[PDB]
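Asks: Need the 3D shape of this:
(2 chains)
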Amino acid sequence: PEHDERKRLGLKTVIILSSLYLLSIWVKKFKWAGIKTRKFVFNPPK
Amino acid sequence: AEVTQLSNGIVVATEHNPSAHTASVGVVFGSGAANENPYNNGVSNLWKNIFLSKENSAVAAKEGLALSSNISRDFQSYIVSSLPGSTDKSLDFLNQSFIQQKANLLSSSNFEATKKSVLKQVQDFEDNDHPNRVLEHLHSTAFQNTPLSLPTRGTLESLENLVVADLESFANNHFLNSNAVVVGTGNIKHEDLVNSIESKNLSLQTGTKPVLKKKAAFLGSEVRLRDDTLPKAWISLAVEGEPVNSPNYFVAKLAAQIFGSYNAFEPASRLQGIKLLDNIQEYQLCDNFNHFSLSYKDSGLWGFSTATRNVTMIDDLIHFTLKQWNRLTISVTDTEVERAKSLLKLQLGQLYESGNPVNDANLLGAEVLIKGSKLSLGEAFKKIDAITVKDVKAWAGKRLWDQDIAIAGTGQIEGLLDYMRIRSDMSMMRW
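Replies: Numbers count the residues shown, from 1 in each chain, chains lettered A, B, ... in the order given. Now the structure:
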């Protein structure tokens, strides 16, 4: 009996979660940019 | 108290003080390490070293003259000190070295013995002077691929590959007339010096201008020189500060005085009216720290440097210090500002008026090269006293609040957290 209403709620739930997913990816990449592009150099000690 | 400066063919700048026993004369060029390249980096320091060579120095010692030179970022200076009477013999030695001996100082026996000395000199620096070493790298990363990034002493690699021709090439491009200012401090009069200068004619490379470049820029970043064998951690952290001749030049310096400097072993230092001290003394987060407002021609750095043996609590040191700086935008008090004004005057005074004319020359020379004049000590105090809490807040909200930072450190810095953790502390959560 909940069929029609269930699918209507699913539509809203899936749209919000999809957005949150795409958005978190972006935020994560931003928060990690300093670490990902970090560079090292070795000069062996005398 | 008088700042006299006139131009005839060369710009002459002086500041007399009759109570001074000695007199210092010198030429200050409007070009320093900020004018060098990554490859000839260290040429200015090299020049300074031959100017003070055993040969050139002995010639001045017989005559009773003392030599002094200073290589900075925006400028460069060669100074000769003497008695108030020998103020003429200083000019003879000045001209004899910059025109007559501009080829006798550069001998293949003098140059090599000097190069070997700046090499052991710059090496010693990198191996042991950790606080200055860290501060130099701070400029290096903060202003990377820009003029202010080049270190004043030059790098070992660019130094050992330098030749007599590089010195000449630099000298013929920057030691020009339009990029110079003759300075005299001590007790001698302005009219006294300008006459001895306007007497001896000859222009020597007039109308020639130095090469141009690209504007300096701050880039939020970091350089970590980890070394677990050192007994401490030395760190420097800063935001983009104020260039000289900036409206907030003084607001910035005052802001740095609020947090000031500290030394955990000096009883009196532990008693200063600095809120940050309540936090750092409980677990002794550091042996020392000092805030600064470094100003240059195109930009500057505002931040602090610190040294510590408490290697497992470095994060608290950084965290408490940054929380205090957050205050400047939102809750700095009238009395903190007032305490700063008083202490800023005291330190600014002790600088502008020491018992040493060579310091006076550098301060005078550096100022006149950038703004064409020098602001009197009394004029500064008027500007300092006029600063309100509202000013400091407007400044901090622009320079400190949620702004990128630059970090540099050496020693046991495993406990210095990542960039983002430090950067996040440049502000606070609010409703």
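
Asks: where's the residue of the stretch 251-400 of chain B found nearest chain A, which helix or strand?
Replies: Using C-beta to the nearest C-beta, the single residue of the stretch 251-400 of chain B nearest to chain A is residue B:318, 16.2 Å away. For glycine as for every other residue, the C-beta is placed from the backbone atoms N, C-alpha and C. Following DSSP states H and E, one finds residue B:318 within helix B:314-330.

Asks: Can you list the helices and strands that the helix or strand that that helix is followed by packs against?
Replies: Using DSSP H and E, the helix or strand that follows helix B:314-330 towards the C-terminus is helix B:334-352. If you count contacts as 3 or more C-beta pairs under 8 Å, 6 or more residues apart in numbering or on different chains; DSSP states H and E, helix B:334-352 packs onto helix B:249-259, helix B:357-371, helix B:377-385, helix B:389-399.

Asks: so of these, which one's packed in deepest?
Replies: Among the helices and strands packed on helix B:334-352, ranked by average contacts under mean count of other C-beta atoms under 10 Å in any protein chain shown, first place goes to helix B:249-259 (a mean of 23).

Asks: Mind listing residues that contact stretch B:148-158?
Replies: B:32-34, B:36, B:38-46, B:71-73, B:118-119, B:121-123, B:125-126, B:136, B:139-143, B:216, B:296, B:298-299 (C-beta atoms under 8 Å, 6 or more residues apart in numbering or on different chains).

Asks: Dump the helices and strands packed on helix B:334-352 into JSON lines; add distance to chain A as well.
Replies: Output for the helices and strands packed on helix B:334-352, formatted as JSON lines (distance: least, C-beta to the nearest C-beta, whole Å):
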{"stretch": "helix B:249-259", "distance to chain A": "26"}
{"stretch": "helix B:357-371", "distance to chain A": "34"}
{"stretch": "helix B:377-385", "distance to chain A": "38"}
{"stretch": "helix B:389-399", "distance to chain A": "21"}
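
Asks: and residue B:207, which of these is closest to it?
Replies: helix B:357-371 (19.0 Å; C-beta to C-beta).

Asks: Can you give the contact residues for that closest one?
Replies: Helix B:357-371 is contacted from outside by B:3, B:5, B:11, B:13-15, B:17, B:20, B:22-24, B:26, B:28, B:30, B:68, B:70, B:72, B:74-75, B:77, B:79, B:81, B:181, B:183-186, B:244-245, B:297, B:351-352, B:354, B:373-375, using C-beta under 8 Å, 6+ apart.

Asks: The same query, at a cut-off of 7 Å, please.
Replies: Residues from elsewhere that reach helix B:357-371 (C-beta atoms under 7 Å, 6 or more residues apart in numbering or on different chains): B:5, B:13, B:15, B:20, B:22-24, B:26, B:28, B:30, B:68, B:70, B:75, B:77, B:79, B:81, B:181, B:183, B:185-186, B:244-245, B:297, B:351-352, B:374.

Asks: which SSE is the residue in the stretch 1-150 of chain B that chain A sits nearest to in?
Replies: The nearest approach of the stretch 1-150 of chain B to chain A comes at residue B:127, 9.0 Å away (C-beta to the nearest C-beta). In this structure, residue B:127 sits in helix B:110-128 according to DSSP H and E.

Asks: For the spatially most central residue of chain B, which residues are in contact?
Replies: What sits nearest the mean C-alpha location of chain B, by C-alpha atoms, centre = their mean, is residue B:72, with 6.0 Å. Neighbouring residues of residue B:72 by C-beta under 7 Å, 6+ apart: B:32, B:152.

Asks: hey, where'd the strands end up in the stretch 1-150 of chain B?
Replies: Listed in chain order, the strands of the stretch 1-150 of chain B (DSSP state E, counting those that start in this stretch) span B:4-7, B:11-15, B:23-29, B:66-71, B:76-82.

Asks: Including mean neighbour count and distance to residue A:20, could the ones you listed go into CSV?
Replies: Converted to CSV, the strands of the stretch 1-150 of chain B look like this (neighbours: other C-beta atoms under 10 Å in any protein chain shown; distance: least, C-beta to C-beta, whole Å):
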stretch, mean neighbour count, distance to residue A:20
strand B:4-7, 14, 66
strand B:11-15, 22, 65
strand B:23-29, 25, 60
strand B:66-71, 19, 56
strand B:76-82, 24, 58
